[PDB]
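The structure under discussion appears below in the form of structure tokens.
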Amino acid sequence: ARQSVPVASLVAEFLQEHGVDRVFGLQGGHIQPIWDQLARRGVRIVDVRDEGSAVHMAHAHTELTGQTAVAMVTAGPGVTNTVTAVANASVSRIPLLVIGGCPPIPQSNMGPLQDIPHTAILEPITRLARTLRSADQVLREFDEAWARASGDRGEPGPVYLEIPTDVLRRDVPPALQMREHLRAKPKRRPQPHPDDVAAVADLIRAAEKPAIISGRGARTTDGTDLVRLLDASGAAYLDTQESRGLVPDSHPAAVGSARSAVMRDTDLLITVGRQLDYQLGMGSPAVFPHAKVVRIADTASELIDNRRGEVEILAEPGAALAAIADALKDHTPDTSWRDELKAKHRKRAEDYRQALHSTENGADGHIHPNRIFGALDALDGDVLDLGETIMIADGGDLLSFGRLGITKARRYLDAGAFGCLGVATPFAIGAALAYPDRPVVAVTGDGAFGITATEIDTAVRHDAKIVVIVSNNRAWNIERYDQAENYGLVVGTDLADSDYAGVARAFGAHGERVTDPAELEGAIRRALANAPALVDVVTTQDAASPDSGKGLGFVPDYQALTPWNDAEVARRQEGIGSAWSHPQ
Amino acid sequence: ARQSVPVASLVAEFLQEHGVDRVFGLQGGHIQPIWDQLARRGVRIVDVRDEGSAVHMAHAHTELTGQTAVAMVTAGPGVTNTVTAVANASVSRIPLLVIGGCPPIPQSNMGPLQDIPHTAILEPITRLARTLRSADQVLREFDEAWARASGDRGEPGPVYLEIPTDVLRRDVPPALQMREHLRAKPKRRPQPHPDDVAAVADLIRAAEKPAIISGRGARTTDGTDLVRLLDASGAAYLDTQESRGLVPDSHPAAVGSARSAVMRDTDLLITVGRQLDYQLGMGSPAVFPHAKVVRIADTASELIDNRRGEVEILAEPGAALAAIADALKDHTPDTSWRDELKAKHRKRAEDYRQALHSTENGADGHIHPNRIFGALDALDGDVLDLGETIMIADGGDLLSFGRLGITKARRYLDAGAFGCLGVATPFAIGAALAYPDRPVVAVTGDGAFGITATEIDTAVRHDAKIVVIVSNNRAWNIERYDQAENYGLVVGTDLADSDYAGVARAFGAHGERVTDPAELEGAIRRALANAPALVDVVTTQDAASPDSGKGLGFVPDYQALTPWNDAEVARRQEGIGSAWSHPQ
Amino acid sequence: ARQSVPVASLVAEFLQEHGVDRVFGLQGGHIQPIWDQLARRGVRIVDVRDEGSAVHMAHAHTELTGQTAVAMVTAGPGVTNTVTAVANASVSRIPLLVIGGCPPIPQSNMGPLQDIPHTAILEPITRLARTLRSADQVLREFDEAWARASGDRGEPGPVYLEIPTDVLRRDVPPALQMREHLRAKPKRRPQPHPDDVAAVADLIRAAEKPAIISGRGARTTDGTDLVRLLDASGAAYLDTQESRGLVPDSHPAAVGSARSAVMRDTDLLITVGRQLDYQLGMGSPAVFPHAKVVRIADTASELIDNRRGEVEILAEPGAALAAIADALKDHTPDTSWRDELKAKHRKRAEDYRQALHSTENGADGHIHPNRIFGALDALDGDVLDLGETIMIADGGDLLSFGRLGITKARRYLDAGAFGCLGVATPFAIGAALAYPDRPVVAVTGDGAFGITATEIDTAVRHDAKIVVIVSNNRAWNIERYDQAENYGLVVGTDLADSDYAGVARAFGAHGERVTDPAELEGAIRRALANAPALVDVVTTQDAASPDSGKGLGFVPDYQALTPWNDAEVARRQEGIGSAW
Ligand SMILES: CC(C)(COP(=O)(O)OP(=O)(O)OC[C@H]1O[C@@H](n2cnc3c(N)ncnc32)[C@H](O)[C@@H]1OP(=O)(O)O)[C@@H](O)C(=O)NCCC(=O)NCCSC=O
Ligand SMILES: Cc1ncc(C[n+]2csc(CCOP(=O)(O)OP(=O)(O)O)c2C)c(N)n1
Ligand SMILES: [Mg+2]
Ligand SMILES: [Mg+2]
Ligand SMILES: [Mg+2]
Ligand SMILES: [Mg+2]
């Protein structure tokens, strides 16, 4: 079978055999040899307006599908344009491969065109960042890097490979073209230890108010084993931004409008593929004052951070959840606490959803962003099925409203733990190309949207059927609010009444502007029918979000949010005794 | 005088006392304490749509004015959005300070909001990248970093400082607030050694065809000492993209249409504040086959790279040029070679300029980009003075045409050695705010423009009177050309017939589209009268630039350009003798 | 229960509660606050002559006992003196903690005493390297770092923590002193997936010549599940330098003197906690021309390097071995290939061992190093049980002789994949302190010994009952031999006839010089009886070692060894010319 082929040809074959049917990127001569070979093999090339956007598209693809995705960018500014999107994928622990161009070996350190230390810049935010200088070993390096992206020898996240242009053009002998490096590999499935499963089952039997909080790792499962454990355990259930859609909304455990009540009173916190980072108050006793802790994950990045488990299970989370459910066969949980939370949640969530359809305009006479979520809700079952829809959110206040306003989605993506503004359009494109028969709706602040707005062109040229709804409040409004509240002086946080519909139409998309909230349902209906489309909603600056009211803009010393920080300050003063003296 | 003040207040005072009258950035809570204190001191805040753009604006400010400029960006994605612009400033050796936000010390390594290893990511492309954790020493650190940006303990370029939000809020005692750290410092002026000056004078006296090539370091002078040395030496003169405007166009040495002829035949190459990087063929004997080498600079980054000088002068370049001119008092140079180049240059450059006014449309029936440079030339002395105009160029083919088409500018900026697409709009903004009574004209490819187009909003909101002229050829055209030529398959390099005038109007700027080259002068006149303005020129894909024809897209093994690479391959085969054997 | 205590006190308590009963180090003011608190808690301080030797001692302790060991060293040169020993532990994937001193936060970047970028220097060779600037979070950082040393979020290896002296003096409130961070944690035990177990059992049933090669991860087990799989599978068995002692020498699978024959013919290579690095020919098809590959390990650092498995099991290796053994309950392996290798191994190994007793002196009239191994063999079952002895080897030719000359040992340590000369004495000290009732015998080249010789003092002052036997050949001899062979010019590889016995005596150890090989048994008997003790053996420069003439000094393009490299050159020629 095998004959001598150039490195660039073997790279393209590696990718295709690993299940890569599309590559996101932006062409330059340093990667053209691979670009050409991917084209020749029938791999779709999704070319973008800013390399960072290509990496965001890969991120969305992998997060949605489970298939490791690929971005390809040229030397120098091509690679440096990806740093934010790489960092975002690193924080979220998403497997992806970035292939960068780089100058030929002979010109090393001589000031060749577009030279910059790519591997040194990317090393801190990647699982691997390497320059491949041996033609014979390029295939082996690709396969190992792909494994490291899944989390081998680290934790899941992005990897970076570059091949000097002279090496790309070298031949690889047939003997070195080994099938074991070319072939797709299954995910690892480490299994739980029976004694850890029994120990967790014993903690659940002893707990009165157990609570499961899911993350990334749980979201790699279909949710069915998590529901088996919820049923067997009687635990309350919370998800996070990275783990929406695993548990039906009507499930007796699902209490997503009772987040603070669950954290305050749970006596057994079980994390499932979830970090106890700022989004869960660092798992601090100040935020979980009654909780024993158990941690379940396929990576210690979701076992050891900030709190240790009385039990920690390192295993494929589905298998762990199934085994604990099995161990609770003859347990009859006390669900009084869960059922009381659920009764109040059902009413609070229903009332909140219904109020989205009629929210008053703010004091400036413009639309409250809640009306966008109400109009989507009104259209559900009519012109779209939200239960089949990929929902994306981005921005400041808009994003915080979206976490309450978006309840019925198939899948949800957003700015993530990194707070990465500008993901909305690139994520919408990756999602739409992965799921061409699903509605894809991105709701975004105007600040965030300006970062990646020109990717509306990409959506039109590649026919990604996205709908982008802009909360056009002429501001970085959550920042304007923190300025007013904590300094009395608003400066450098105002934007303008930009025609984002006109920007979309300039790039060949359907555009409409809305000033009257009664026009929103019709404008979003027209956008869904004419995707790719943008709806530019003139929204109020008088709309405090849950995040603006909790001090997210101020950056307290110990926690992201003022109320959590207050509890932390109190915790640090406990029981110091006569040892204490005033800082003077 | 002095009392306890918070770190953030002392930072703002440091900046203002160091001559900072504006800061470019994008607000977040992590830098709000400094942002507020700059506002309170009357420092102008130029807030942008993408943090990378703020660093490009600082770069343009410093390159134009000589005053070290400042960008301020928030933690996480705020800092990671600057990497390309930082890299660009590092390659070009431009002093600038980036102030980044970062999370409070107590949350170190805990997964706080927007955490990422900023200093590790930026260390390879900065002169210093530090986290300031001692309130008492913040002022001292700022002043040392500012010195390192000028090139102390390194070479000129960007520096990065971040202050954890808890440290920003700490008080500094009055004793630690030292005037020697707060005060503006003069540039260093190391002086030449008389013996090196005499040695260079002797080499000039012995040379028949001496040639000066200027760079960055020469461009920090007003050009008058360089002209004294040209007059005294009889040398031919070439500039580079980073050193335009130092020598009158009519000067007997100025032979900018004879670049290859000068490099081929010079017997004495004198670099003045210039790197022998890819833009000058690595100073290779393959490109300068007859040249002895002399190097003059205030930094060894422009003395030791790729070629060593028979003499090297490390000194303030003005002083070096003046001293060598003095040493040649009674020398009568042989200028036959110079004067013969000049006679042919005068005619070639005049004919080329005049032909810009009537260039034929390409085979697709659209405008040749040369017509943009002709229309600017036609308007010169009428509605603008090109000799007072800051010209900016960006893109691929468009940029290569611009290097021949732009001859009469006050100052010129472009994509630089790094090939940093998307600098046009941000640079135009920084230039326009530095020089509010000067025309600022940016000519850009459509590919490059999509990266930073949304900064047209910034130009409108801050009233930066820029004119952006887009070469709208519906392509990354220099890439499309290299694909066709070297692979036969054009893929992923096509864009669309986007309404860039409509994008500008969406953001409140004056916009006009041009399809007929006879309308260009009127459209550019209207743009200059209504700045900020954009002219969207529908240009041809049938237009090979000097760069497309020399293989810049292909990346040869040894040089950026095919003809130079050919010469290099020939050089490597010289005189190997019987030792040689076929690679088989 | 808890009250406010200084950081330094909470660090000492963390270590003791994690099972640390000893800390290896060298005092400086930057670490004195911790040093003092360890002393007060009764944690033994083993103070050394060079910080690198403290980290070698920690490495040996962890590798032998399974308990993560700790070195503590001061700012600046105290930390930079550890880099070789840290790199060695990183290469061998040994958990250990290095606690470094560093200057106070207010003097950051001001040129304080002993300042240097410790965390930047150590980042590339550690699983974590951090400066701890929040007193409240030091205990949490220690516990996370300890987990990472075990391999969480990485792979097993050394970690580095430093606390600025101002932070060491800060108080930690009682609420932040969480028991979950202070307490010792069990090792993780990920379990095999039954489908992978069945797939490996199917490959074993279909193989005619299966072979298991063990490494570090197998050596973390007691070997009983490995023997169960050997018995169930009929596989041949090879160990490596890092995995000796798991399988009795008399076991029908143990064919250590047939390494080449095993690699050449096996049709199923099974790696057990082992890397396919240079020591196994990169697992190359050039070196294993008939082998399908299966990989078993609790870390992907021993699954994905160079060769992929048709099946890869990421699990605690004992559990994986046990499950595959179970799956083969009704399998009757064809062991003819195994039994043929074993018959030739038995004869070859026996003849080799017996010849050690009578190896003639070299052409220069001096002892052949094999006589050292013959004398140890003669003493076995008489003066000591080598099967209860911790054997350590170091050097060039001496080490190569040692790999074949040392066949019985409770445990074996050496220079490792990193080729880290000078480990013998510090390893012997860590081993002797960990196993005070076991004989500890370190055989070293004279070149290697010069690096760490002054740690004989440490052995004497801490009563570490070690025996050091020096192959004193007045040379870096494996290097002198490569120069003679390949350049015809020996330069800068000669040493002198140094009195290493006299060095030992100067540091208060027992010393004896041996020039007559018939005196070796007696001298080694006297050394064992008077440990700590050194035997300085005047050995020949004129003796080829098993490693001689194999291109080790040449450093071929593709493989460590010429014959392997030749096979790689031939592999790259296969099918070239054949395009059409
Ligand atoms: C790369 C290697 C692991 C490869 O060595 P191997 O071929 O695995 O050899 P060894 O295990 O040492 O054994 C070599 C041969 O001896 C045979 N052998 C082994 N034991 C015996 C006994 N008891 N009797 C007879 N023969 C024996 C074995 O079957 C091999 O022959 P065959 O069956 O014919 O193969 C090693 O060479 C090595 O580690 N050296 C590199 C240098 C180094 O790491 N040291 C640091 C200091 S020098 C660095 O600067
Ligand atoms: C620190 C160090 N320096 C150099 C080497 C290279 N090296 C490998 S073996 C060897 C010679 C060892 O000499 P010795 O310990 O006397 O053993 P001999 O070969 O003489 O038996 C050398 C220098 C090394 N591995 N480590
Ligand atoms: Mg960017
Ligand atoms: Mg907004
Ligand atoms: Mg173009
Ligand atoms: Mg020796």
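How things are named: the first chain in the structure tokens is A, the next is B, and so on; residues count from 1 in each chain; ligands count from 1 in the order shown.
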- Task: For residue 580 in chain C, list every protein, DNA or RNA residue within 12 Å, evaluated using only C-alpha atoms, and leave out those in the same chain fewer than 5 positions away; present the list as an NGL selection string.
- Result: (:A and (1-4)) or (:C and (575))
- Task: Select residues of chain A: the criterion is any atom within 8 Å of an atom of chain C, counting only C-alpha atoms; output as a ChimeraX atom specification.
- Result: /A:3-4,140,144,147,152-155,173-176,180-181,188-193,299-301,304-310,314-315,571-577,579
Please identify all protein, DNA and RNA residues within 7 Å of ligand 4, counting only C-alpha atoms and all ligand atoms, and report them as a short mmCIF file (atom, residue, chain, number, x, y, z; two decimals) with N, CA and C atoms, in the first residue's frame.
data_model
loop_
_atom_site.label_atom_id
_atom_site.label_comp_id
_atom_site.auth_asym_id
_atom_site.auth_seq_id
_atom_site.Cartn_x
_atom_site.Cartn_y
_atom_site.Cartn_z
N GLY A 395 -21.71 38.50 26.57
CA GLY A 395 -21.80 39.89 27.02
C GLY A 395 -21.71 39.96 28.54
N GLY A 445 -24.45 40.79 23.95
CA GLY A 445 -24.25 42.23 24.19
C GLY A 445 -23.56 42.85 22.98
N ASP A 446 -23.74 44.15 22.82
CA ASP A 446 -23.17 44.96 21.73
C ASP A 446 -21.64 45.08 21.91
N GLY A 447 -21.14 45.27 23.13
CA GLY A 447 -19.70 45.25 23.45
C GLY A 447 -19.06 43.97 22.94
N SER A 471 -28.29 42.73 22.03
CA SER A 471 -28.76 43.67 23.07
C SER A 471 -27.95 44.96 22.96
N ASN A 472 -28.47 45.83 22.10
CA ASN A 472 -27.82 47.10 21.72
C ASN A 472 -28.20 48.15 22.77
N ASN A 473 -27.44 48.22 23.87
CA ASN A 473 -27.68 49.21 24.95
C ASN A 473 -26.64 50.34 24.90
N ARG A 474 -25.86 50.44 23.82
CA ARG A 474 -24.96 51.59 23.60
C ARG A 474 -23.96 51.64 24.73
N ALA A 475 -23.53 50.49 25.26
CA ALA A 475 -22.66 50.46 26.46
C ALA A 475 -22.09 49.07 26.70
N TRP A 476 -20.98 49.07 27.38
CA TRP A 476 -20.46 47.94 28.18
C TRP A 476 -21.17 48.02 29.52
N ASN A 477 -22.46 47.62 29.58
CA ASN A 477 -23.34 48.23 30.62
C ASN A 477 -23.04 47.71 32.03
#
- Give as number ranges by chain the residues surrounding ligand 5 up to a distance of 12 Å, considering only C-alpha atoms and all ligand atoms. A: 49; B: 369, 394-400, 421, 443-450, 470-481, 493-498, 536-543
- ligand 6 neighbours within 12 Å using only C-alpha atoms and all ligand atoms, as number ranges by chain: C: 369, 394-400, 421, 443-450, 470-481, 493-498, 536-543
Could you save those same residues with N, CA and C atoms as a compact mmCIF listing (two decimals), in the first residue's frame?
# COMPACT_ATOMS: atom_id res chain seq x y z
N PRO C 369 36.54 -5.78 36.90
CA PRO C 369 35.40 -5.46 37.77
C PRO C 369 34.44 -6.63 38.01
N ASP C 394 26.31 2.44 39.72
CA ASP C 394 26.53 3.77 39.11
C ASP C 394 27.87 3.76 38.36
N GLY C 395 27.99 4.59 37.35
CA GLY C 395 29.23 4.71 36.57
C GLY C 395 28.98 4.37 35.12
N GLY C 396 30.04 3.99 34.40
CA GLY C 396 30.01 3.74 32.97
C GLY C 396 30.18 2.25 32.72
N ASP C 397 31.42 1.80 32.50
CA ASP C 397 31.72 0.34 32.37
C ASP C 397 31.25 -0.36 33.63
N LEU C 398 31.52 0.20 34.80
CA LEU C 398 31.14 -0.48 36.06
C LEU C 398 29.65 -0.77 36.03
N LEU C 399 28.84 0.22 35.69
CA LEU C 399 27.37 0.05 35.65
C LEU C 399 27.01 -1.05 34.65
N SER C 400 27.67 -1.10 33.50
CA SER C 400 27.32 -2.07 32.44
C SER C 400 27.66 -3.48 32.97
N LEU C 421 25.11 10.18 36.87
CA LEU C 421 26.28 9.74 37.65
C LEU C 421 26.27 10.47 38.99
N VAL C 443 27.77 -0.24 44.23
CA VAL C 443 28.98 -0.39 43.40
C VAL C 443 29.01 0.79 42.44
N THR C 444 30.16 1.47 42.38
CA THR C 444 30.31 2.72 41.60
C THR C 444 31.62 2.77 40.85
N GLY C 445 31.59 3.37 39.65
CA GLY C 445 32.80 3.89 39.01
C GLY C 445 33.41 5.00 39.86
N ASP C 446 34.69 5.25 39.67
CA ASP C 446 35.46 6.31 40.35
C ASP C 446 35.02 7.68 39.82
N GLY C 447 34.80 7.84 38.50
CA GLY C 447 34.27 9.11 37.93
C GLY C 447 32.98 9.51 38.60
N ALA C 448 32.00 8.61 38.61
CA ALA C 448 30.67 8.87 39.22
C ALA C 448 30.86 9.22 40.71
N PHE C 449 31.69 8.46 41.43
CA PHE C 449 31.85 8.59 42.90
C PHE C 449 32.37 9.99 43.30
N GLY C 450 33.26 10.57 42.49
CA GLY C 450 33.86 11.88 42.75
C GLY C 450 32.81 12.96 42.84
N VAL C 470 34.14 0.85 45.06
CA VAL C 470 34.59 1.69 43.92
C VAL C 470 35.41 0.81 42.98
N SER C 471 35.02 0.83 41.70
CA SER C 471 35.85 0.36 40.57
C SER C 471 36.80 1.47 40.17
N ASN C 472 37.93 1.49 40.84
CA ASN C 472 38.95 2.55 40.71
C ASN C 472 39.84 2.17 39.52
N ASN C 473 39.42 2.56 38.31
CA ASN C 473 40.20 2.29 37.07
C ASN C 473 40.90 3.56 36.57
N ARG C 474 40.94 4.62 37.38
CA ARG C 474 41.77 5.81 37.10
C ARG C 474 41.27 6.44 35.80
N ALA C 475 39.97 6.36 35.52
CA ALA C 475 39.41 6.83 34.24
C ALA C 475 37.90 6.94 34.27
N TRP C 476 37.38 7.78 33.37
CA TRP C 476 36.01 7.72 32.84
C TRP C 476 36.05 6.69 31.71
N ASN C 477 36.06 5.41 32.05
CA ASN C 477 36.68 4.40 31.14
C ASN C 477 35.79 4.09 29.95
N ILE C 478 34.47 4.09 30.09
CA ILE C 478 33.60 3.81 28.91
C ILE C 478 33.83 4.91 27.87
N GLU C 479 34.18 6.10 28.32
CA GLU C 479 34.47 7.26 27.45
C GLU C 479 35.86 7.10 26.83
N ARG C 480 36.87 6.75 27.62
CA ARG C 480 38.26 6.45 27.13
C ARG C 480 38.19 5.36 26.06
N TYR C 481 37.34 4.37 26.23
CA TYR C 481 37.24 3.25 25.28
C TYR C 481 36.63 3.71 23.95
N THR C 493 39.97 12.09 29.52
CA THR C 493 39.14 11.02 30.10
C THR C 493 39.92 10.21 31.13
N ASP C 494 41.18 10.55 31.38
CA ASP C 494 41.98 9.89 32.43
C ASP C 494 41.76 10.60 33.77
N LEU C 495 41.67 9.83 34.84
CA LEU C 495 41.70 10.35 36.22
C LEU C 495 43.01 9.84 36.83
N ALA C 496 43.12 9.76 38.14
CA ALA C 496 44.35 9.29 38.79
C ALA C 496 44.03 8.19 39.79
N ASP C 497 45.10 7.63 40.35
CA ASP C 497 45.04 6.53 41.34
C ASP C 497 44.76 7.16 42.71
N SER C 498 43.58 7.75 42.87
CA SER C 498 43.15 8.44 44.10
C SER C 498 42.90 7.37 45.16
N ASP C 536 37.95 0.26 48.08
CA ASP C 536 38.55 0.94 46.90
C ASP C 536 39.28 -0.13 46.10
N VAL C 537 38.68 -0.57 44.99
CA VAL C 537 39.19 -1.72 44.21
C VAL C 537 39.96 -1.16 43.02
N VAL C 538 41.26 -1.46 42.96
CA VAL C 538 42.14 -1.05 41.83
C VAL C 538 41.83 -1.97 40.64
N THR C 539 41.07 -1.45 39.68
CA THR C 539 40.56 -2.20 38.53
C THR C 539 41.27 -1.76 37.24
N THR C 540 41.09 -2.60 36.24
CA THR C 540 41.74 -2.49 34.91
C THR C 540 41.02 -1.43 34.08
N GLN C 541 41.76 -0.77 33.21
CA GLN C 541 41.19 -0.02 32.07
C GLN C 541 41.00 -0.93 30.85
N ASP C 542 41.53 -2.14 30.86
CA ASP C 542 41.60 -2.99 29.64
C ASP C 542 40.56 -4.09 29.81
N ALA C 543 39.29 -3.74 29.73
CA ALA C 543 38.19 -4.69 29.78
C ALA C 543 36.98 -4.04 29.08
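Remark: for chain B, the closest of the candidate residues A:418, A:373, A:160, A:427 is A:418 (distances computed over only C-alpha atoms).
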- Contacts to ligand 1 at 6 Å cut-off (only C-alpha atoms and all ligand atoms) as JSON, numbers by chain: {"C": [256, 257, 258, 259, 260, 278, 279, 348, 349, 352, 395, 396, 400, 403, 404, 415, 417, 419, 546, 547]}
- Query: Which neighbours of residue 101 in chain C fall inside 12 Å, counting only C-alpha atoms, when residues of the same chain fewer than 2 positions from it are skipped, and could you give them as an NGL selection string?
  - Reply: :C and (8 or 25-35 or 71-80 or 98-99 or 103-104 or 113-119 or 130-132 or 160-168)
Kindly assemble as a Markdown table a list of the chain A residues that lie within 10 Å of ligand 3, each paired with its nearest atom pair and their distance in Å to one decimal, using only C-alpha atoms and all ligand atoms, sorted first by chain and then by ascending residue number.
| residue | atom | partner | partner_atom_place_in_ligand_line | distance |
| --- | --- | --- | --- | --- |
| A:50 | CA | ligand 3 | 1 (Mg) | 7.0 |
| A:51 | CA | ligand 3 | 1 (Mg) | 7.8 |
| A:52 | CA | ligand 3 | 1 (Mg) | 6.0 |
| A:53 | CA | ligand 3 | 1 (Mg) | 8.6 |
| A:77 | CA | ligand 3 | 1 (Mg) | 9.5 |
| A:78 | CA | ligand 3 | 1 (Mg) | 9.8 |
| A:80 | CA | ligand 3 | 1 (Mg) | 8.0 |
| A:81 | CA | ligand 3 | 1 (Mg) | 4.9 |
| A:82 | CA | ligand 3 | 1 (Mg) | 7.1 |
| A:83 | CA | ligand 3 | 1 (Mg) | 7.9 |
| A:84 | CA | ligand 3 | 1 (Mg) | 7.1 |
| A:85 | CA | ligand 3 | 1 (Mg) | 8.8 |
| A:422 | CA | ligand 3 | 1 (Mg) | 9.8 |
| A:451 | CA | ligand 3 | 1 (Mg) | 7.8 |
| A:452 | CA | ligand 3 | 1 (Mg) | 8.7 |
Using N, CA and C atoms, can you write the selected residues to a file as a tab-separated table (two decimals), in the first residue's frame?
chain	number	residue	atom	x	y	z
A	50	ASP	N	-10.87	36.31	11.20
A	50	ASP	CA	-9.87	36.49	12.29
A	50	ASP	C	-9.57	35.10	12.85
A	51	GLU	N	-8.32	34.72	12.86
A	51	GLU	CA	-7.89	33.36	13.28
A	51	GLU	C	-8.50	33.01	14.65
A	52	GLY	N	-8.63	33.96	15.58
A	52	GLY	CA	-9.19	33.63	16.89
A	52	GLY	C	-10.55	32.94	16.72
A	53	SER	N	-11.35	33.42	15.75
A	53	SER	CA	-12.71	32.92	15.46
A	53	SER	C	-12.64	31.47	15.04
A	77	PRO	N	1.44	36.57	13.11
A	77	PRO	CA	0.18	37.13	13.55
A	77	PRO	C	-0.95	36.10	13.40
A	78	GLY	N	-0.86	35.15	12.49
A	78	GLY	CA	-1.89	34.09	12.38
A	78	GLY	C	-2.02	33.31	13.68
A	80	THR	N	-0.63	34.30	16.72
A	80	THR	CA	-0.83	35.20	17.88
A	80	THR	C	-2.29	35.64	17.95
A	81	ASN	N	-2.99	35.65	16.82
A	81	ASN	CA	-4.44	35.97	16.81
A	81	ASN	C	-5.27	34.89	17.54
A	82	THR	N	-4.70	33.71	17.82
A	82	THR	CA	-5.48	32.59	18.44
A	82	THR	C	-5.37	32.59	19.97
A	83	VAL	N	-4.54	33.45	20.59
A	83	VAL	CA	-4.16	33.24	22.01
A	83	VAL	C	-5.41	33.28	22.89
A	84	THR	N	-6.30	34.24	22.68
A	84	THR	CA	-7.49	34.38	23.54
A	84	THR	C	-8.35	33.11	23.41
A	85	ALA	N	-8.57	32.62	22.20
A	85	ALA	CA	-9.42	31.44	21.94
A	85	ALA	C	-8.78	30.18	22.47
A	422	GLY	N	-17.06	37.81	22.85
A	422	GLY	CA	-16.91	37.71	21.41
A	422	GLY	C	-17.02	36.28	20.91
A	451	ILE	N	-16.35	42.64	18.89
A	451	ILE	CA	-15.06	41.93	18.86
A	451	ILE	C	-15.04	41.02	17.62
A	452	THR	N	-16.14	40.31	17.35
A	452	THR	CA	-16.18	39.29	16.27
A	452	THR	C	-17.30	39.55	15.26
- With distances taken over only C-alpha atoms, which of A:260, A:137, A:240, A:32 is nearest to residue 277 in chain A?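 Among the listed residues, A:240 lies closest to residue 277 in chain A.
When only C-alpha atoms and all ligand atoms are used to compute distances to ligand 2, the closest of the residues C:503, C:184, C:469, C:262 turns out to be C:469.
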- Using only C-alpha atoms, determine which residues lie at most 12 Å from residue 356 in chain B, disregarding the query and same-chain residues fewer than 2 positions distant; provide the list as JSON, numbers by chain. {"B": [349, 350, 351, 352, 353, 354, 358, 359, 360, 361, 367, 368, 369, 370, 371, 372, 373, 374, 375, 376, 377, 378, 401, 402, 404, 405, 406, 407, 517]}
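Here the residues within range 249-390 of chain C that DSSP labels strand (DSSP E or B) on the basis of the backbone are residues 254, 268, 269, 270, 271, 272, 292, 293, 294, 295, 296, 297, 311, 312, 313, 314, 367, 380, 384 and 390 of chain C.
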- What are the DSSP helix (DSSP H, G or I) residues of range 234-438 of chain B, as a ChimeraX atom specification? /B:241-243,259-265,278-283,300-302,317-327,336-355,370-379,386-388,397-405,424-434
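For residue 392 in chain C, the non-local neighbours within 10 Å, defined as residues at least 3 positions apart in the same chain or in other chains and counting only C-alpha atoms, are residues 389, 399, 402, 406, 409, 411, 412, 413, 414, 415, 423, 424, 425, 427, 428, 431, 440, 441, 442, 443, 444, 467 and 468 of chain C.
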- Exercise: residue 273 in chain B partners within 6 Å, only C-alpha atoms, chain neighbours under 3 positions left out, as a list in words: residues 215, 216, 217, 218, 297 and 302 of chain B
- Just the residues within 9 Å of residue 122 in chain A, please, counting only C-alpha atoms, with nothing from its chain fewer than 6 positions along; format it as number ranges by chain. A: 80, 83, 86-87, 128-129, 159-160; B: 120-121
Can you write just those residues out, C-alpha atoms, as a short mmCIF file (atom, residue, chain, number, x, y, z; two decimals), in the first residue's frame?
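Listed below is the output, part-v3.cif:
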data_model
loop_
_atom_site.label_atom_id
_atom_site.label_comp_id
_atom_site.auth_asym_id
_atom_site.auth_seq_id
_atom_site.Cartn_x
_atom_site.Cartn_y
_atom_site.Cartn_z
CA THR A 80 -0.83 35.20 17.88
CA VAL A 83 -4.16 33.24 22.01
CA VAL A 86 -6.71 28.96 22.99
CA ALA A 87 -6.79 30.36 26.58
CA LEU A 128 1.55 20.56 24.40
CA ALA A 129 3.12 23.18 22.11
CA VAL A 159 -2.55 21.44 21.84
CA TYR A 160 -0.39 23.31 19.34
CA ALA B 120 4.25 33.64 31.02
CA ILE B 121 2.32 34.21 27.72
#
